[PDB]
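Line by line, the protein sequences give chains A, B, C, D and E.
Final position of the first sequence in UniProt numbering is 853; the numbers increase by one with none missing.
Final position of the second sequence in UniProt numbering is 853; the numbers increase by one with none missing.
Final position of the third sequence in UniProt numbering is 853; the numbers increase by one with none missing.
Final position of the fourth sequence in UniProt numbering is 231; the numbers increase by one with none missing.
Final position of the fifth sequence in UniProt numbering is 58; the numbers increase by one with none missing.
Quick reminder that beta carbons are idealized off the backbone N, C-alpha and C, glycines included.
Notes for the one structure printed next.
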Amino acid sequence: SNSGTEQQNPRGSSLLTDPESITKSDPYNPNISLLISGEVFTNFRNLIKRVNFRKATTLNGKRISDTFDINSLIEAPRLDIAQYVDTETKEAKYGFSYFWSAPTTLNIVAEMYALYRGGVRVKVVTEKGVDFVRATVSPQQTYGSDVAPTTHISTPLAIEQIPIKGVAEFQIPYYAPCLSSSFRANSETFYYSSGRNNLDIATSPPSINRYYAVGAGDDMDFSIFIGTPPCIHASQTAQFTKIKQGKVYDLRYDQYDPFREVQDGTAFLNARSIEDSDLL
Amino acid sequence: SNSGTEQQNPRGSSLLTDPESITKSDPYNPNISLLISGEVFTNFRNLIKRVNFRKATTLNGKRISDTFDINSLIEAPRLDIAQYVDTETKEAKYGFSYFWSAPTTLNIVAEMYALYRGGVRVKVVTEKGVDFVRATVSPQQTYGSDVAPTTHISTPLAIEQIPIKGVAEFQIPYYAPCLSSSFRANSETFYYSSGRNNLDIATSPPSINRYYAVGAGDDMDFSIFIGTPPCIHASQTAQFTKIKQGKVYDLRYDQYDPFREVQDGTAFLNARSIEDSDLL
Amino acid sequence: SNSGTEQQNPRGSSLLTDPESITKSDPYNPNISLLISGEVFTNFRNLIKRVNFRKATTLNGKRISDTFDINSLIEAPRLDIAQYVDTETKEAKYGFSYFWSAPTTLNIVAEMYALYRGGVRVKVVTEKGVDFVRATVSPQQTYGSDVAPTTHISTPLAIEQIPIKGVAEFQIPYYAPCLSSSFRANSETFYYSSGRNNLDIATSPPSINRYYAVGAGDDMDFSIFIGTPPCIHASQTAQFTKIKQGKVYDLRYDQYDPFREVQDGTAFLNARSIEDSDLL
Amino acid sequence: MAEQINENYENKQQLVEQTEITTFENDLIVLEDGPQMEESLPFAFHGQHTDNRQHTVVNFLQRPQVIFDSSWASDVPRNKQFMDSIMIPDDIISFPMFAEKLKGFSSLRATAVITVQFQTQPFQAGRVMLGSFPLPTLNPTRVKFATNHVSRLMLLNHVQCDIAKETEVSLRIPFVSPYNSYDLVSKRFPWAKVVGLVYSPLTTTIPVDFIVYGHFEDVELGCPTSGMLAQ
Amino acid sequence: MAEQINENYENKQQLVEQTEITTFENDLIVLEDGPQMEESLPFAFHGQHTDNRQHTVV
């Protein structure tokens, strides 16, 4: 029945069967998601296909390249602690911040799982006057050499022409030695479980601002459930404390998305990423 | 078995089945009431047919009538507390008393039940020289009138002639609005559950003493068991304490039965009927 | 299983069935006593047939007879406490002693049981020059007479000739009124449960030393298990404490066996048999 | 399923007795007693207190209930009200016959039936209109413009009455809502506002009297509830 | 009968052993032991103490 001496609802039992209803009758209503929503949601494997903006490269110069790791995009970005100092009264106020970053639909799902398997999709938005954008992957480490080449002759090349297609869409395959790879940082050094890959986005002519939006490729799959990640309230984006030189938003963020307003928060003074050892 | 954890002999189970014998064998002996007694007793419905004397009307004058309620005869009479004062030493002695009354076979059974249904049988014994006795019932209340008539023209009349039949036997039917009626006193006044009837016993020529014996009519039936009534020991009839002017019997009683000796107990001084609130 | 709430190995259950093995498999190895020992041992009924020496008659003179009870041979001999006094320093040392006696194979088995049934076998060894040995049984008590005869005319006689058969072997039957008899001492005197028999061993010419070895006759049978007897360690035979005049062996014993060395222990001064009331 | 090997506690699946709504699940012992061998008296012996019929809670809602009982003279002209407006079902279920029954129910989904009587001796003239504006609390912007004028009410769902011809008139208003039902515990989202206009004035001095009845059909009662909210 | 739904106490109808006159009705456990595989000696071996007859109290 609903109560007893044996465990009435353990994990292994909850996955398969529900306890008796309080009504002692059928408690279930029929699925009508397709009848109101107009669409049906059942699996996060499909929802990760949705592409949202993930990072932005601003603080370099007028370069013709931007190299960065791919697995770092499956992670949710690091949350930072921002020190603000009042230009007048000189007391410190403290908030949170995403340094030129933000999570994706993909990152909400990937942070519940341990390993991944499949290709990552990267779409780029550039500034005006850019004619081309080129994408190439390279192994980040010529194993056994202290240095990696600056060119390659057999790597993939993919050219998109901005003034006729404004978003440069690329798909980066899954190239790793193992069945399913790892995407979070570790100190393992004996041999590796991640497929360590670079991705070089070029612009002709060279430009400064690169806006990246990431999403799941068709073959995207995560493996082992581990649990819900550390989160921050979305309402904390609009809460602010006012000081002399401007506003201090609890959740400070940059123009990572080339289509979002720039929030009117003053720049911080120091940034510190929350470490796993900082949790109390 | 004979013992255990469940209730070994609840009420509902006692009505139907007996527990195992201490002998673990058949404990029953065969009924031989008809073989020794010469008669069989199984139901109180038959035993109430036995007529015994119930009340007596002495303290009126030489009247030609005696009107009184019928349901009061199914009750057992009220027990009274008698105050006796010693004509010499002037200290009080206290006993019990039935004021010109006594219970019947009928009253022993009727006091175990809540409602009744059926006719009551009344038999009268009068003094010498009485020629006739007449019986009539009347409703006691002309509903909606402050007064009831003193005559009736369609009521039952029943005449018995004493010097040729010395006991005037009458049978009073069951006339009440409800299936089974009530016979005890209550304060209900909205509408009534008792069939309130008078019964007028006449004598030609008019006489003083009327001795009444009551019994159950054929259709007599009681309904709901309620329990054993408040009783008094029968041996208390002969126990007495002596004072100057005579004997003080613990259970004092009048010549209710025109065939019983008059007990040699002095009259009391005050009488008080035991109320339900007097019980401690 | 191996454990539980009910008694996992009572006596009545141990006689028939063993508990489950710790291996939860077959714990039994096959009998290979016949394959290593060359012989099989299963019942003490056969082992008692082995004849060992039991008592010795030394402290009489050059007699032509030696009469003694037969049931006393089924008992194990009495253990005695020996007082030794140091001829020099005059302090007492204390040990144990078998006075011209010792137990038999038979006595190891008979002391586990209450009653016996069957014949006893007695074999005699005498000194040199003895020509004959004769054996006869007699009832020890002419019932109802204060004295028993010194001869008999219908008793059994059995003659063995030493210089042609050095061991005089006799078999004494079971002659007792009851099914199975008793062989230990008791104070019962009303009527008797033991078959009280004497046995007279003669020598022609008369001699002093008689060495007796006892064993079980074919029909030997014991009845009721009672338990293990009071024992003494066999190693205590060689342990000794030295005093001035010689050695004091913890377990002192005489030349009961005409083929064993005489142990070099000094004679005691007093002997006291351990009574049942001496146990603490 | 996580497998469980229990041998010290009985799966006491009895001692579990639901009585209509309440489920008792008991340990130790459940006991029950009374006078044994129960019988009942035949129906002639009693049953002078009942009708030869049973009443559920669905009827009591199908019963017509008087809402209005009034009149209107010749002084009120076309396009003006002759009766007060009725909120469906707030001004209906607030009468004690219905409210006492709907209590203990979460919600109500049913079509409501507004019937109106009309008294006329054959010398009186006039016509009168009875319409219903759907969901007046959800589109309050549009209520009084669709009900201040005849010919904006009658293109809505309406019912007319020629005073000298119709002595009874009944408009059937089916349930209609963005939702499934009508929340009873909070009385949220009435599905119509019945309004009564004058299509043509009276031609004599003698006023006309009218009775407004209201009941429900196609009744689907909700889940049982306590039905009390904080304040 | 007043109906009783018991699931925590066994209707221990055994552990109830009448011996001629006395009835024991027991909880917990009843135990009994002795020398197993009991036999009896034939009547020639004993029975020199009895007559070939039985005597009741009648």
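Check: Whole-angstrom C-beta distance between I163(D) and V128(D), which should lie under 8 angstroms; Outcome: 7 angstroms
Check: Chain-ordered neighbours of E10(D) on chain E, where CB pairs are closer than 9 angstroms; Outcome: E7, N8
Check: CB contact check: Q13(E) to chain D, cutoff 7 angstroms; Outcome: no
Check: Close-in-space but distant-in-sequence residues of the same chain around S754(C) (CB under 8 angstroms, 5 per side omitted); Outcome: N644, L688, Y689, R690, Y747, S766, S767, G768
Check: 8 angstroms Cβ shell around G611(B) - same chain, five flanking residues per side excluded; Outcome: none
Check: Rounded separation between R825(C) and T678(C) - CA only; Outcome: 20 angstroms
Check: CB contact check: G585(C) to chain E, cutoff 7 angstroms; Outcome: yes
Check: Chain A within 7 angstroms of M37(D), Cβ atoms only; Outcome: no
Check: Test: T225(D) CB closer than 7 angstroms to a CB of chain A; Outcome: no
Check: Short Cβ contact (7 angstroms threshold) for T631(A) with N843(A); Outcome: no
Check: Sequence-distant residues of its chain with Cβ nearer than 6 angstroms to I654(C) (five each side left out); Outcome: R845
Check: Any C-beta of chain D under 7 angstroms from that of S574(A); Outcome: yes
Check: Residues within the stretch 60 to 76 of chain D neighbouring chain A, beta-carbon criterion of under 7 angstroms; Outcome: none
Check: Contact residues within the stretch 25 to 36 of chain E, judged by C-beta distance below 8 angstroms to chain C; Outcome: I29, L31, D33, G34, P35, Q36
Check: Cross-chain neighbours of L588(B) in chain D, by beta carbon under 9 angstroms; Outcome: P35, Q36, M37
Check: Element boundaries [beta strand (DSSP E), containing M228(D)]; Outcome: Segment: none, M228(D) is in no beta strand (DSSP E) and carries neither H nor E.
Check: Counterpart residues of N771(C) in DSSP-defined beta bridges; Outcome: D642(C), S711(C)
Check: Within chain B, partners of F45(D) - CB distance below 9 angstroms; Outcome: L752
Check: Contact with chain A by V176(D), beta-carbon distance below 7 angstroms; Outcome: no
Check: Sufficient close CB pairs (3 or more, under 8 angstroms) joining the stretch 90 to 101 of chain D to the stretch 149 to 165 of chain D; Outcome: no
Check: Environment of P676(C) [buried if 16+ CB atoms lie within 10 Å]; Outcome: buried
Check: Distance, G788(B) Cα to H46(D) Cα; Outcome: 29 angstroms
Check: Rounded separation between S796(A) and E32(D) - CA only; Outcome: 57 angstroms
Check: Local conformation of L688(C) per DSSP, three classes; Outcome: strand
Check: Selection from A665(A), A749(A), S780(A) that minimises the alpha carbon distance to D704(A); Outcome: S780(A)
Check: Assumed close pair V113(D), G214(D) - CB separation to whole angstroms, cut-off 8 angstroms; Outcome: 7 angstroms
Check: Best match in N759(C), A629(C), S727(C), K701(C) for proximity to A786(C) [C-alpha to C-alpha]; Outcome: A629(C)
Check: Cα-Cα separation between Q656(B) and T810(B), rounded to whole angstroms; Outcome: 17 angstroms
Check: Every unbroken beta strand (DSSP E) inside the stretch 577 to 658 of chain C [3 residues or more]; Outcome: 625 to 630, 640 to 642, 653 to 658
Check: Contact under 7 angstroms by Cβ, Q117(D) with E39(D); Outcome: no
Check: CB contact below 7 angstroms: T578(A) versus chain D; Outcome: yes
Check: Counted within 10 angstroms of its Cβ, other Cβ atoms place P650(C) as buried (16 or more) or exposed; Outcome: buried
Check: Buried versus exposed, by CB contacts within 10 Å (16 or more), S186(D); Outcome: exposed
Check: Segment limits, beta strand (DSSP E) that includes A731(B); Outcome: 731 to 734
Check: Spatial distance of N575(C) from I595(C) (CA atoms); Outcome: 8 angstroms
Check: Cross-strand partners of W72(D) (DSSP beta bridge); Outcome: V208(D)
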